[PDB]
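*Asks:* Turn this into a model:
(chains A and B, ligands or ions: 5)
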Amino acid sequence: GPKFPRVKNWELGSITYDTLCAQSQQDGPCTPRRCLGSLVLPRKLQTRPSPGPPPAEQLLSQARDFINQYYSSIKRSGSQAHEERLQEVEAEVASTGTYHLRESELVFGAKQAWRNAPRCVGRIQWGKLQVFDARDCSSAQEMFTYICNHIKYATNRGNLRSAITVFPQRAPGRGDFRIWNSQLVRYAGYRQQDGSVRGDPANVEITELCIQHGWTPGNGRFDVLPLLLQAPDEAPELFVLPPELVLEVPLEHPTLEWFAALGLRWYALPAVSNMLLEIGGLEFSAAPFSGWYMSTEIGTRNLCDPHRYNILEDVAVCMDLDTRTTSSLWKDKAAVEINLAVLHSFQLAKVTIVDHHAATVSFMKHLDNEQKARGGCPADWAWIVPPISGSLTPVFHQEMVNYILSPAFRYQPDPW
Amino acid sequence: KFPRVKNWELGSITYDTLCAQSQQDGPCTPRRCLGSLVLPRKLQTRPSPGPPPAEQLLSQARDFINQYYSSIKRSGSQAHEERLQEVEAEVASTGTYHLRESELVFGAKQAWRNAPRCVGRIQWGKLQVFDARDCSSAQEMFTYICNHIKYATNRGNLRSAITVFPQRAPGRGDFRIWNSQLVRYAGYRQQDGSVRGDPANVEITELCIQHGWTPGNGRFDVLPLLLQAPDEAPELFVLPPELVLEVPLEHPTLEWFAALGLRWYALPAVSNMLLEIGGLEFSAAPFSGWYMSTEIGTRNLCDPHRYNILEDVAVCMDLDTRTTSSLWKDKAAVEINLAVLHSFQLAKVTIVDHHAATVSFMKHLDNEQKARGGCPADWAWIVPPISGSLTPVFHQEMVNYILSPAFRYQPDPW
Ligand code: HEM
Ligand code: HEM
Ligand SMILES: NC(=[NH2+])NCCC[C@H](N)C(=O)O
Ligand SMILES: NC(=[NH2+])NCCC[C@H](N)C(=O)O
Ligand SMILES: [Zn+2]
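*Replies:* Numbering: from 1, shown residues only, chains lettered A, B, ... in the order given. Ligands and ions are numbered 1, 2, ... in the order given. Take a look:
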């Protein structure tokens, strides 16, 4: 058989081979001795900061590779324009120790990075991404304006649109552009006296950083945090998002009338902002991206995780379930109703959202498209399969090959 | 390098130093991870045209013997050195060797302990090992199997057991149980490409008919066994109904559930896996314990390629099957799993729900961290098919590797 990973779909009994993994130039965490596929942050999916510019040879090879990817995408591989661009990059680096991307190249790489994201189940939309070029940005104040513009365009009053805003890349001998917050919109996490946390336990450190930087905290469960934007070599500046910009959805249940009384809510825009966008060896340390939520992210993870809002027991008690015995499946029953409420509340408020069945079904179509288009698709099974009703979705029964392709969205150290 | 492992729910960290003992290779490489693949040729132990070279066999054997004597704390005693000599002498003259009963008992328990995809490993020390190496016919295999079943079932108070048939020998065919489990339901290809019964058993059902089985036509017809002695054609054996404990499915509050006629056997006995101890391979070594509710309620009954009853139940519940957003599938699955737990509980049959099972696995992980410095686990199999994040194991990072003794996959005898 073919000299590549054989992949099977147990529901359909169909087979495919992944030839695309042959293109991977960056090693993952696994070795033939042991699989480290379940680790969230292995030192293999992280790109550490740099106290020195990338060796002109490694950067060049990465640059040449990206340029080849670009021209191939536009079908001019080997052309004069191709050779000229490659020359311009080499010359540029040979003198400055770095280079710059053409506007069309940045748009190509940004879409490719999303396309290459193993942990994203919404990749069927990879072609539809609004790329806001913010490489002219020169201050934290301007970062805020760009971010506000991103939120307005992306939110679009409920009819969400995928977008990313690219701030200036990493320059040797100059500090980075960084958004300290993990997401543009996040709820505060207040550490209480008894030790507990009011709000989102995940955001405890950033909340305390905002306060250390002059933020006057509230004391609610759903307090939107201000941004901590950092321009090169300057301390981070605090900026408050205008409430009218931040669209939220109050959660209610279609039948359980009491669910509304819980006072639960969630913001409409998922905008990751602490990830590094890497293209052709160039590192864009500040490049917030956003799309729309898949219901389980809110109803299951955010609201039900033991280390997050942890409302499973509260909802169970309200449903009058036997919370004293595991075999009553109270957790399962409550989780189902919480997810249903998120779906129902978003549809009612006319805010874009996709449930886990629809999301996975479309990702299967994405896998099929990518099989023909690139001969494979890097996918992290643990992250693609929904946190609830796993085997009830088609992706569970689909084996997957995971590897790193560039351009890519990578994890980076906290600026503090 | 030793992998730093983290529990995202508790913030705790552990370093797996046990993976350093792995000598067998998995499917992953630094270029790409194949951890989600069910059957790589790596975990497989295919047939062979010649004897395992004395060097490799002798090294696996000595390692196992070393593991055994360390277990009884007699590591270094004269019994240890003499057992090592006995093994060397037998391999150098015969190209193979044999195990003592006590070693085979230690081995089988260690095989289970090392099974990455098993969430029931807290019970690893409690295993009844039936030595069936003094078997010379399929007929004998049948008697042994019937006794395993009679013991294991125990009127509903299930007990973990394993029956070990003769090891593979370079000079002949293997002892094999053709069935994937000692107890399974038939799958009859019904004209229009569909299947009556369990679709996962279509092939074996056909084989049984091929060998003279008079088939039935229900959805839950228990299949006869196809047992095979070396270099002989498999023989058909029908299991005595009184030995097959089955549980009729009903729901605690939905009176109409019982009307679905659903039911499932009580004993989960995998019989197609190869057991490897000290380089020796046992091609027929069925093992059983008890079910985890999701195996029946979610996988067996709801998988699209299995009984696929999700929609039927949803219709009975009068759910919105029009669209995915009504979460009709999730609601249906929850009730089915509940009907499974209620039914096994109402009957005399042992069963564990996924919340109880995973909590116990977390305890096992802790025990193993102190005992061996780690524990091979395959995240995709440990995390249940429904309500993944609602369980503690979902938030636990895991390292997956091959330790020996081990249960491995092997080619289908046909
Ligand atoms: C169009 C709607 C989209 C959907 C429904 C979707 C859904 C998801 C989901 C469910 C996850 C896992 C979340 C978690 O477990 O924390 C995820 C991860 C990811 N998505 Fe998407 N995504 C979408 C848009 C985007 C866009 C526009 C980008 C970038 C341009 C993107 C980049 C990624 C990346 C890099 C990750 C990995 C995050 C991490 O490693 O923590 N996604 N997405
Ligand atoms: C005591 C109760 C037990 C429980 C609750 C339990 C549960 C499980 C579960 C849920 C799986 C995954 C099955 C699947 O997804 O198809 C599994 C796999 C497995 N179990 Fe256990 N188990 C138990 C006993 C045993 C015993 C007695 C042995 C062996 C002596 C064992 C060996 C294994 C192995 C090797 C696998 C892999 C199966 C495969 O690859 O298809 N288990 N077990
Ligand atoms: N649909 C997305 N764009 N998701 C990005 C990750 C968001 C993260 N899972 C959250 O719940 O906040
Ligand atoms: N609990 C066990 N030992 N299970 C072994 C595998 C059983 C298999 N998953 C089934 O549904 O029949
Ligand atoms: Zn792996």
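*Asks:* Please count neighbours and contacts with C-alpha atoms only from this point.
*Replies:* Fine.
*Asks:* Please point out which parts of stretch A:352-372 sit buried.
*Replies:* A:352-360, A:362-364, A:366-367, A:370-371 (16 or more other CA atoms under 10 Å in any protein chain shown).
*Asks:* Can you list which of those residues are found in strands?
*Replies:* With strands taken from DSSP state E, there is no overlap with the buried residues of stretch A:352-372.
*Asks:* So which of those is the closest to residue A:282?
*Replies:* Using CA to CA, residue A:370 comes nearest to residue A:282 of the buried residues of stretch A:352-372, at 25.6 Å.
*Asks:* Wait, the closest one touches residue A:377, no?
*Replies:* Yes: when contacts are counted by CA atoms under 8 Å, residue A:370 is listed as touching residue A:377 (6.0 Å).
*Asks:* what's the span of stretch A:272-290 from first residue to last?
*Replies:* One end of stretch A:272-290 to the other measures 6 Å (CA to CA, to the nearest Å).
*Asks:* nope, stretch A:380-395 is what I was after
*Replies:* Note: stretch A:380-395 ends 11 Å apart using CA to CA.
*Asks:* Same question for stretch A:239-257.
*Replies:* The straight-line separation of the ends of stretch A:239-257 (CA to CA) is 38 Å.
*Asks:* What ranges does the stretch 251-400 of chain A have for its strands?
*Replies:* A:265-267, A:271-272, A:276-279, A:282-284, A:289-290 (DSSP state E, counting those that start in this stretch).
*Asks:* Just put the ones you listed in JSON lines and tack on distance to residue A:145 and mean neighbour count.
*Replies:* Converted to JSON lines, the strands of the stretch 251-400 of chain A look like this (distance: least, CA to CA, whole Å; neighbours: other CA atoms under 10 Å in any protein chain shown):
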{"stretch": "strand A:265-267", "distance to residue A:145": "20", "mean neighbour count": "19"}
{"stretch": "strand A:271-272", "distance to residue A:145": "16", "mean neighbour count": "20"}
{"stretch": "strand A:276-279", "distance to residue A:145": "20", "mean neighbour count": "24"}
{"stretch": "strand A:282-284", "distance to residue A:145": "18", "mean neighbour count": "22"}
{"stretch": "strand A:289-290", "distance to residue A:145": "15", "mean neighbour count": "26"}
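*Asks:* Mind putting the ones you listed into a markdown table with distance to ligand 2?
*Replies:* Shown next, in a markdown table, are the strands of the stretch 251-400 of chain A (distance: least, CA to the nearest ligand atom, whole Å):
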| stretch | distance to ligand 2 |
| --- | --- |
| strand A:265-267 | 35 |
| strand A:271-272 | 34 |
| strand A:276-279 | 37 |
| strand A:282-284 | 42 |
| strand A:289-290 | 36 |
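*Asks:* Please name whichever of those is nearest to ligand 5.
*Replies:* Distance to ligand 5, taken as CA to the ion, is lowest for strand A:276-279 among the strands of the stretch 251-400 of chain A, at 23.4 Å.
*Asks:* give me every residue that touches residue A:389.
*Replies:* Contact partners of residue A:389, counting by CA atoms under 8 Å, 6 or more residues apart in numbering or on different chains, are B:330, B:385-388.
*Asks:* Output those residues in a markdown table; the columns should cover distance to ligand 4.
*Replies:* As requested, the contacts of residue A:389 are exported to a markdown table (distance: CA to the nearest ligand atom, whole Å):
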| residue | distance to ligand 4 |
| --- | --- |
| B:330 | 19 |
| B:385 | 11 |
| B:386 | 14 |
| B:387 | 17 |
| B:388 | 17 |
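*Asks:* Out of the buried residues of stretch A:352-372, list just those in helices.
*Replies:* Residues of those located in helices (DSSP state H): A:356-360, A:362-364, A:366-367, A:370-371.
*Asks:* and ligand 1, which of those reach it?
*Replies:* The subset of those within reach of ligand 1, counting by CA under 6 Å from any ligand atom, is empty.
*Asks:* Return the list of helices and strands in contact with the helix or strand hosting residue A:208.
*Replies:* Using DSSP states H and E, residue A:208 falls within helix A:204-212. Contact partners of helix A:204-212 among helices and strands, from 3 or more CA pairs under 8 Å, 6 or more residues apart in numbering or on different chains; DSSP states H and E: strand A:189-191.
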